[PDB]
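Working notes for the structure below.
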Amino acid sequence: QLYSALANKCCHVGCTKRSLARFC
Amino acid sequence: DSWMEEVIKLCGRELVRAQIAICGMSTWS
């Protein structure tokens with residue numbers, strides 16, 4: 001899922017706070 | 001916090017905490 005993609009991404013490399021911002 | 005950028009390395013519940021915080025504190029442009 002998109003959230004799982006974000007979850008893995010942030011947990012591995014990281015993500016932008018702006019990225020979680022567009023997800024919520 | 002900095003809504004213009006920020007790159008974090010969180011996971012799980014902290015990730016959701018950051019989400020809740022970011023999406024709630026969207027009072028700042």
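Residue numbering restarts at 1 in every chain; chains get A, B, ... in the order shown in the structure tokens, and ligands count up from 1 in that same order.
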Pull out every residue of chain A that has at least one atom within 7 Å of chain B, counting only C-alpha atoms, and report them as a ChimeraX atom specification.
/A:7,10-11,13-18,20-21,24
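Of the residues in chain A, those given helix (DSSP H, G or I) by DSSP on the backbone are residues 2, 3, 4, 5, 6, 7, 8, 9, 10, 11, 12, 17, 18, 19, 20, 21, 22 and 23 of chain A.
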Residues of the last selection are to be written out with N, CA, C and O atoms, as an mmCIF file, in the first residue's frame.
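Produced file selection26.cif, reproduced below:
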data_model
loop_
_atom_site.group_PDB
_atom_site.id
_atom_site.type_symbol
_atom_site.label_atom_id
_atom_site.label_comp_id
_atom_site.auth_asym_id
_atom_site.auth_seq_id
_atom_site.Cartn_x
_atom_site.Cartn_y
_atom_site.Cartn_z
ATOM 1 N N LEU A 2 0.212 2.399 -0.205
ATOM 2 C CA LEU A 2 0.914 3.681 -0.245
ATOM 3 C C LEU A 2 1.421 4.051 1.087
ATOM 4 O O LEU A 2 2.502 4.640 1.202
ATOM 5 N N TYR A 3 0.703 3.686 2.102
ATOM 6 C CA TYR A 3 1.184 3.965 3.386
ATOM 7 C C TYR A 3 2.346 3.035 3.736
ATOM 8 O O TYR A 3 3.330 3.469 4.313
ATOM 9 N N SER A 4 2.247 1.783 3.346
ATOM 10 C CA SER A 4 3.308 0.830 3.584
ATOM 11 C C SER A 4 4.580 1.248 2.819
ATOM 12 O O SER A 4 5.696 1.080 3.318
ATOM 13 N N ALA A 5 4.404 1.808 1.624
ATOM 14 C CA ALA A 5 5.522 2.316 0.838
ATOM 15 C C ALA A 5 6.228 3.421 1.604
ATOM 16 O O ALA A 5 7.450 3.404 1.744
ATOM 17 N N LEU A 6 5.442 4.350 2.138
ATOM 18 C CA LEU A 6 5.973 5.445 2.932
ATOM 19 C C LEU A 6 6.647 4.884 4.191
ATOM 20 O O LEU A 6 7.788 5.221 4.489
ATOM 21 N N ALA A 7 5.941 3.979 4.875
ATOM 22 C CA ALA A 7 6.418 3.335 6.096
ATOM 23 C C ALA A 7 7.785 2.701 5.899
ATOM 24 O O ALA A 7 8.702 2.939 6.692
ATOM 25 N N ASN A 8 7.927 1.921 4.834
ATOM 26 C CA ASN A 8 9.207 1.291 4.512
ATOM 27 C C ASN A 8 10.238 2.329 4.156
ATOM 28 O O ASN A 8 11.346 2.299 4.664
ATOM 29 N N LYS A 9 9.847 3.283 3.332
ATOM 30 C CA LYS A 9 10.754 4.306 2.836
ATOM 31 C C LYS A 9 11.359 5.116 3.967
ATOM 32 O O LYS A 9 12.577 5.264 4.034
ATOM 33 N N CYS A 10 10.529 5.609 4.852
ATOM 34 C CA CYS A 10 10.996 6.433 5.961
ATOM 35 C C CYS A 10 11.821 5.607 6.928
ATOM 36 O O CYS A 10 12.766 6.110 7.543
ATOM 37 N N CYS A 11 11.483 4.342 7.036
ATOM 38 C CA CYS A 11 12.129 3.478 7.973
ATOM 39 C C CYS A 11 13.479 3.024 7.426
ATOM 40 O O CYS A 11 14.393 2.682 8.187
ATOM 41 N N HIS A 12 13.619 3.028 6.111
ATOM 42 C CA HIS A 12 14.866 2.634 5.492
ATOM 43 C C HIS A 12 15.759 3.830 5.259
ATOM 44 O O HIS A 12 16.814 3.967 5.878
ATOM 45 N N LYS A 17 9.005 15.311 5.375
ATOM 46 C CA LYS A 17 7.893 15.618 6.272
ATOM 47 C C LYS A 17 6.727 16.114 5.421
ATOM 48 O O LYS A 17 5.565 15.925 5.758
ATOM 49 N N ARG A 18 7.084 16.669 4.275
ATOM 50 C CA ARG A 18 6.139 17.095 3.258
ATOM 51 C C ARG A 18 5.448 15.875 2.634
ATOM 52 O O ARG A 18 4.306 15.960 2.173
ATOM 53 N N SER A 19 6.140 14.744 2.627
ATOM 54 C CA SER A 19 5.612 13.545 2.034
ATOM 55 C C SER A 19 4.523 12.990 2.948
ATOM 56 O O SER A 19 3.420 12.691 2.502
ATOM 57 N N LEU A 20 4.803 12.939 4.262
ATOM 58 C CA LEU A 20 3.785 12.469 5.214
ATOM 59 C C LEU A 20 2.673 13.476 5.281
ATOM 60 O O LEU A 20 1.528 13.134 5.558
ATOM 61 N N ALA A 21 3.021 14.716 5.010
ATOM 62 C CA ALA A 21 2.056 15.815 4.960
ATOM 63 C C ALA A 21 0.993 15.589 3.895
ATOM 64 O O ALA A 21 -0.176 15.888 4.111
ATOM 65 N N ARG A 22 1.381 15.057 2.755
ATOM 66 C CA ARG A 22 0.408 14.832 1.697
ATOM 67 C C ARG A 22 -0.370 13.536 1.926
ATOM 68 O O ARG A 22 -1.387 13.291 1.281
ATOM 69 N N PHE A 23 0.103 12.713 2.842
ATOM 70 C CA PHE A 23 -0.597 11.482 3.176
ATOM 71 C C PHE A 23 -1.541 11.674 4.338
ATOM 72 O O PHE A 23 -2.736 11.426 4.215
#
